[PDB]
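Below is the file work_31.csv, which contains CSV, C-alpha atoms.
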chain,number,residue,atom,x,y,z
A,159,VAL,CA,133.5,111.4,97.2
A,160,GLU,CA,132.8,115.1,97.1
A,161,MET,CA,130.1,117.0,99.0
A,162,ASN,CA,129.2,120.7,99.7
A,163,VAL,CA,127.8,121.8,103.0
A,164,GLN,CA,125.9,125.1,103.5
A,165,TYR,CA,125.3,126.4,107.0
A,166,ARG,CA,124.3,129.6,108.7
A,167,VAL,CA,125.0,131.2,112.1
A,168,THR,CA,122.4,131.5,114.9
A,169,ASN,CA,122.7,132.4,118.6
A,170,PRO,CA,125.9,134.5,118.2
A,171,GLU,CA,126.8,134.0,121.9
A,172,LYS,CA,127.2,130.3,121.3
A,173,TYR,CA,129.0,130.9,118.0
A,174,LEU,CA,131.6,133.1,119.8
A,175,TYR,CA,131.9,131.5,123.2
A,176,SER,CA,131.6,127.7,122.7
A,177,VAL,CA,134.3,126.4,120.3
A,178,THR,CA,137.6,127.8,119.0
A,179,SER,CA,137.1,128.6,115.3
A,180,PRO,CA,133.7,126.8,114.7
A,181,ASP,CA,134.3,126.8,111.0
A,182,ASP,CA,137.2,124.4,111.2
A,183,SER,CA,135.5,122.3,113.8
A,184,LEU,CA,132.4,121.9,111.5
A,185,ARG,CA,134.7,121.1,108.6
A,186,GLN,CA,136.4,118.2,110.6
A,187,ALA,CA,133.0,117.0,111.9
A,188,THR,CA,131.7,117.0,108.3
A,189,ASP,CA,134.7,115.0,107.1
A,190,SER,CA,134.3,112.5,110.0
A,191,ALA,CA,130.6,112.0,109.4
A,192,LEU,CA,131.1,111.6,105.7
A,193,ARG,CA,133.8,109.0,106.4
A,194,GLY,CA,131.4,107.2,108.7
A,195,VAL,CA,128.5,107.1,106.2
A,196,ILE,CA,130.4,106.3,103.1
A,197,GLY,CA,132.0,103.1,104.6
A,198,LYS,CA,128.6,101.7,105.5
A,199,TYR,CA,127.3,101.0,102.0
A,200,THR,CA,129.0,99.1,99.2
A,201,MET,CA,130.6,100.6,96.2
A,202,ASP,CA,127.9,100.3,93.5
A,203,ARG,CA,125.2,101.6,95.7
A,204,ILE,CA,127.3,104.7,96.3
A,205,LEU,CA,128.0,105.0,92.6
A,206,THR,CA,124.3,104.7,91.5
A,207,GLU,CA,122.0,106.0,94.3
A,208,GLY,CA,124.6,108.3,96.0
A,209,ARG,CA,122.6,111.4,95.3
A,210,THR,CA,119.9,110.7,97.9
A,211,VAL,CA,120.7,108.1,100.6
A,212,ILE,CA,124.4,109.0,101.1
A,213,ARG,CA,123.6,112.7,100.9
A,214,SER,CA,120.7,112.3,103.2
A,215,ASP,CA,122.4,110.1,105.8
A,216,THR,CA,125.4,112.4,105.8
A,217,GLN,CA,123.1,115.3,106.9
A,218,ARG,CA,121.7,113.2,109.8
A,219,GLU,CA,125.1,112.2,111.0
A,220,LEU,CA,126.5,115.7,110.7
A,221,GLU,CA,123.6,117.1,112.8
A,222,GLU,CA,124.1,114.3,115.4
A,223,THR,CA,127.8,115.0,115.6
A,224,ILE,CA,127.6,118.7,115.9
A,225,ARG,CA,124.7,118.7,118.4
A,226,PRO,CA,126.9,118.0,121.5
A,227,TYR,CA,129.3,120.8,120.6
A,228,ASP,CA,126.5,123.4,120.7
A,229,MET,CA,128.2,125.7,118.2
A,230,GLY,CA,125.0,127.5,117.5
A,231,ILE,CA,125.4,126.8,113.8
A,232,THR,CA,122.3,125.7,111.9
A,233,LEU,CA,122.8,123.2,109.1
A,234,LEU,CA,120.7,124.3,106.0
A,235,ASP,CA,121.5,121.6,103.4
A,236,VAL,CA,124.2,119.3,102.2
A,237,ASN,CA,124.2,118.5,98.5
A,238,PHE,CA,126.0,116.2,96.0
A,239,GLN,CA,128.9,116.9,93.7
A,240,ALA,CA,130.4,113.6,92.5
A,241,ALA,CA,131.0,110.0,93.5
A,242,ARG,CA,133.6,109.5,90.8
A,243,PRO,CA,135.9,106.4,91.1
A,244,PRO,CA,139.6,107.1,91.7
A,245,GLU,CA,141.7,108.5,88.9
A,246,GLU,CA,143.7,105.4,88.6
A,247,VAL,CA,140.7,103.2,87.5
A,248,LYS,CA,138.7,105.8,85.6
A,249,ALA,CA,139.8,104.2,82.3
A,250,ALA,CA,138.5,100.8,83.3
A,251,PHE,CA,135.1,102.3,84.4
A,252,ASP,CA,134.5,104.4,81.2
A,253,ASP,CA,135.7,101.5,79.1
A,254,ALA,CA,133.1,99.2,80.8
A,255,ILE,CA,130.5,101.9,80.1
A,256,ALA,CA,131.4,102.0,76.4
A,257,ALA,CA,131.4,98.2,76.2
A,258,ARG,CA,127.6,98.1,76.1
A,259,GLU,CA,127.5,100.6,73.3
A,260,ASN,CA,130.1,98.6,71.4
A,261,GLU,CA,128.0,95.5,71.8
A,262,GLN,CA,124.9,97.3,70.5
B,224,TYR,CA,143.3,99.7,92.2
B,225,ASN,CA,144.6,96.8,90.1
B,226,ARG,CA,141.9,94.5,91.4
B,227,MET,CA,139.1,96.9,90.7
B,228,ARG,CA,140.5,97.7,87.3
B,229,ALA,CA,140.6,94.0,86.5
B,230,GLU,CA,137.0,93.5,87.6
B,231,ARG,CA,135.8,96.4,85.4
B,232,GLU,CA,137.8,95.0,82.4
B,233,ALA,CA,136.1,91.6,83.1
B,234,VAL,CA,132.7,93.2,82.9
B,235,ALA,CA,133.5,95.1,79.7
B,236,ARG,CA,135.0,91.9,78.1
B,237,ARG,CA,131.9,89.9,78.9
B,238,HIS,CA,129.6,92.5,77.4
B,239,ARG,CA,131.7,92.7,74.2
B,240,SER,CA,131.8,88.9,74.0
B,241,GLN,CA,128.0,88.7,74.2
B,242,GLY,CA,127.6,91.2,71.4
B,243,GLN,CA,130.1,89.3,69.2
B,244,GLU,CA,128.2,86.1,69.8
B,245,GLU,CA,124.9,87.7,68.7
B,246,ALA,CA,126.6,89.1,65.6
B,247,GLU,CA,128.1,85.8,64.7
B,248,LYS,CA,124.7,84.0,65.0
B,249,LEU,CA,123.1,86.6,62.8
B,250,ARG,CA,125.8,86.4,60.2
B,251,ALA,CA,125.6,82.6,60.2
B,252,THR,CA,121.9,82.5,59.5
B,253,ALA,CA,122.4,85.1,56.8
B,254,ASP,CA,125.1,83.0,55.1
B,255,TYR,CA,122.8,80.0,55.2
B,256,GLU,CA,120.0,81.9,53.5
B,257,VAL,CA,122.4,83.2,50.8
B,258,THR,CA,123.7,79.6,50.2
B,259,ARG,CA,120.2,78.3,49.9
B,260,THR,CA,119.2,80.9,47.3
B,261,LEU,CA,122.4,80.4,45.3
B,262,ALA,CA,121.8,76.6,45.3
B,263,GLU,CA,118.2,77.0,44.1
B,264,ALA,CA,119.4,79.2,41.2
B,265,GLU,CA,122.2,76.7,40.4
B,266,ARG,CA,119.7,73.9,40.2
B,267,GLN,CA,117.5,75.8,37.8
B,268,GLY,CA,120.5,76.7,35.7
B,269,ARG,CA,121.5,73.0,35.6
B,270,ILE,CA,118.0,72.1,34.4
B,271,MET,CA,118.3,74.7,31.6
B,272,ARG,CA,121.8,73.4,30.6
B,273,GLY,CA,120.5,69.8,30.5
B,274,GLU,CA,117.6,70.9,28.3
B,275,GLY,CA,119.9,72.6,25.9
B,276,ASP,CA,122.3,69.6,25.8
B,277,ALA,CA,119.5,67.2,25.0
B,278,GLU,CA,118.2,69.5,22.3
B,279,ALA,CA,121.6,69.7,20.7

Could I get this structure in the form of structure tokens?
Amino acid sequence: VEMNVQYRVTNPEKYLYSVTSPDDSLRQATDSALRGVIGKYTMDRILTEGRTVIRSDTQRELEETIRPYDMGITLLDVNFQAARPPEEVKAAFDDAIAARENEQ
Amino acid sequence: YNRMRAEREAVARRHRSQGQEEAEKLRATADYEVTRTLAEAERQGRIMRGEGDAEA
């Protein structure tokens, strides 16, 4: 699973005097929230409709997680890159994709 | 990883088998039609041969 998160800085007092290195803290919070959201849904739902639900839920979880820290960072948008299966089983997946074309 | 790869191979094999079944059915009905046409032509040819043999 790959995602990109874009954020901006508001209230510089909080950005400078709340958390040590807020960028790394936001990175770890994003990773934890993405871990929490991906494990809720099954594999095929992630593979097919991953562009909207997973990306949308991730945003809600990230806001909820970084709210207590009060970093002052405002979360603009999180978007989607890829929900590719692992490299070891890619051949099985694309072969299964090509199977329907072979049948036709 | 092995388990998921096996499942995906299962799905692919099922799809290919369904396609092969459809192709086999179509080829079978085609062969039946070909045989029927050839049999009709052979019957007409036999009638002509019998006519010639009787005339001779």

Can you check which residues of chain B have any atom within 10 Å of chain A? Use all atoms listed in the file and format it as number ranges by chain.
-> B: 224-246

With only C-alpha atoms counted, which protein, DNA or RNA residues have an atom no more than 6 Å from (129.2, 118.2, 106.4) in the file frame? Please answer as number ranges by chain.
-> A: 163, 188, 220

May I have the residues within 12 Å of range 168-174 of chain A as an MDAnalysis selection string, using all atoms listed in the file and disregarding those fewer than 4 positions away in the same chain?
-> chainID A and resid 178:181 183:184 227:234

Can you spit out the residues from that selection as a CSV table (one decimal), in the frame of the given file, using C-alpha atoms?
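So the final result, stored in result.csv, reads:
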chain,number,residue,atom,x,y,z
A,178,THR,CA,137.6,127.8,119.0
A,179,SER,CA,137.1,128.6,115.3
A,180,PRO,CA,133.7,126.8,114.7
A,181,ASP,CA,134.3,126.8,111.0
A,183,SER,CA,135.5,122.3,113.8
A,184,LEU,CA,132.4,121.9,111.5
A,227,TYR,CA,129.3,120.8,120.6
A,228,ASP,CA,126.5,123.4,120.7
A,229,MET,CA,128.2,125.7,118.2
A,230,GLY,CA,125.0,127.5,117.5
A,231,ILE,CA,125.4,126.8,113.8
A,232,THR,CA,122.3,125.7,111.9
A,233,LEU,CA,122.8,123.2,109.1
A,234,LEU,CA,120.7,124.3,106.0

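If you look at CA of residue 242 in chain A and CA of residue 209 in chain A, they are 12.0 Å away from each other.
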
Between CA of residue 204 in chain A and CA of residue 187 in chain A - distance in Å to one decimal |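 Interatomic distance here is 20.7 Å.
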
Complete range 176-188 of chain A at the level of N, CA, C and O atoms, written as an mmCIF file, in the coordinates of the input.
data_model
loop_
_atom_site.group_PDB
_atom_site.id
_atom_site.type_symbol
_atom_site.label_atom_id
_atom_site.label_comp_id
_atom_site.auth_asym_id
_atom_site.auth_seq_id
_atom_site.Cartn_x
_atom_site.Cartn_y
_atom_site.Cartn_z
ATOM 1 N N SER A 176 131.727 129.158 122.464
ATOM 2 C CA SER A 176 131.600 127.700 122.700
ATOM 3 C C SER A 176 132.825 126.937 122.194
ATOM 4 O O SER A 176 133.360 126.112 122.938
ATOM 5 N N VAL A 177 133.265 127.164 120.957
ATOM 6 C CA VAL A 177 134.300 126.400 120.300
ATOM 7 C C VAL A 177 135.291 127.337 119.640
ATOM 8 O O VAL A 177 134.876 128.321 119.022
ATOM 9 N N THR A 178 136.585 127.042 119.743
ATOM 10 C CA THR A 178 137.600 127.800 119.000
ATOM 11 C C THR A 178 137.458 127.568 117.528
ATOM 12 O O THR A 178 137.581 126.427 117.070
ATOM 13 N N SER A 179 137.215 128.637 116.765
ATOM 14 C CA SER A 179 137.100 128.600 115.300
ATOM 15 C C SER A 179 136.068 127.560 114.874
ATOM 16 O O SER A 179 136.427 126.485 114.378
ATOM 17 N N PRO A 180 134.776 127.847 115.055
ATOM 18 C CA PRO A 180 133.700 126.800 114.700
ATOM 19 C C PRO A 180 133.746 126.382 113.294
ATOM 20 O O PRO A 180 133.256 125.282 113.015
ATOM 21 N N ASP A 181 134.267 127.185 112.363
ATOM 22 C CA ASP A 181 134.300 126.800 111.000
ATOM 23 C C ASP A 181 135.151 125.527 110.767
ATOM 24 O O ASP A 181 134.726 124.561 110.120
ATOM 25 N N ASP A 182 136.363 125.529 111.326
ATOM 26 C CA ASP A 182 137.200 124.400 111.200
ATOM 27 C C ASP A 182 136.666 123.155 111.911
ATOM 28 O O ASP A 182 136.775 122.026 111.418
ATOM 29 N N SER A 183 136.066 123.367 113.084
ATOM 30 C CA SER A 183 135.500 122.300 113.800
ATOM 31 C C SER A 183 134.328 121.636 112.993
ATOM 32 O O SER A 183 134.205 120.409 112.924
ATOM 33 N N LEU A 184 133.499 122.470 112.361
ATOM 34 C CA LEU A 184 132.400 121.900 111.500
ATOM 35 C C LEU A 184 133.012 121.223 110.300
ATOM 36 O O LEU A 184 132.460 120.211 109.861
ATOM 37 N N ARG A 185 134.111 121.732 109.742
ATOM 38 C CA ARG A 185 134.700 121.100 108.600
ATOM 39 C C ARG A 185 135.205 119.656 108.997
ATOM 40 O O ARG A 185 134.933 118.678 108.286
ATOM 41 N N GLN A 186 135.900 119.540 110.128
ATOM 42 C CA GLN A 186 136.400 118.200 110.600
ATOM 43 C C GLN A 186 135.205 117.313 110.928
ATOM 44 O O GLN A 186 135.250 116.111 110.642
ATOM 45 N N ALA A 187 134.154 117.855 111.549
ATOM 46 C CA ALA A 187 133.000 117.000 111.900
ATOM 47 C C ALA A 187 132.319 116.529 110.588
ATOM 48 O O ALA A 187 131.885 115.373 110.526
ATOM 49 N N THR A 188 132.223 117.381 109.566
ATOM 50 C CA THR A 188 131.700 117.000 108.300
ATOM 51 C C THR A 188 132.490 115.856 107.665
ATOM 52 O O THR A 188 131.951 114.867 107.156
#
